[PDB]
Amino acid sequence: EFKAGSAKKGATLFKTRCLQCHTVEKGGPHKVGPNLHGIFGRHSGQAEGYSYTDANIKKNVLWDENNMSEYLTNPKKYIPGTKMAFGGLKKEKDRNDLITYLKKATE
């Protein structure tokens, strides 16, 4: 159960482990991964102009803070056969910080 974090450390966590494939803001370019704007309160594989794996669309989960934290532990376990080649944010306070920044930077 995620509760709160620091969008300051959450930003520095993103810049090192997320920024290579992703972009936040409104109207951000699709790089390797999709643009994460408005991800919270939006179903998996709904970003316009991006080609997702069948599995990402199959999952059909409304992205919430609890759904995201379970996913960011092991992305390949939560969604099997996904093209997100990321290990995972194992340390919970790392996820809690990231989601706090991600809940703000995705609007």
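Position 1 is the first residue in the sequence shown; the rest follow in order.
request  = Between 12 to 20 and 86 to 94, name whichever shows the higher mean Cα B factor according to the PDB entry.
outcome  = The stretch with the larger average C-alpha B-factor is 86 to 94.
inquiry  = Test of understanding: from the entry's C-alpha B-factors, which stretch has the higher mean, 1 to 9 or 96 to 104?
reply    = The stretch with the larger average C-alpha B-factor is 1 to 9.
request  = Give the position of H37 by CA B-factor within its chain, expressed as the lowest, middle or highest third.
outcome  = It falls in the bottom third of the chain.
query = Mind checking which third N56 falls in for C-alpha B-factor across the chain?
reply = Lowest third, going by the recorded CA B-factors of the chain.
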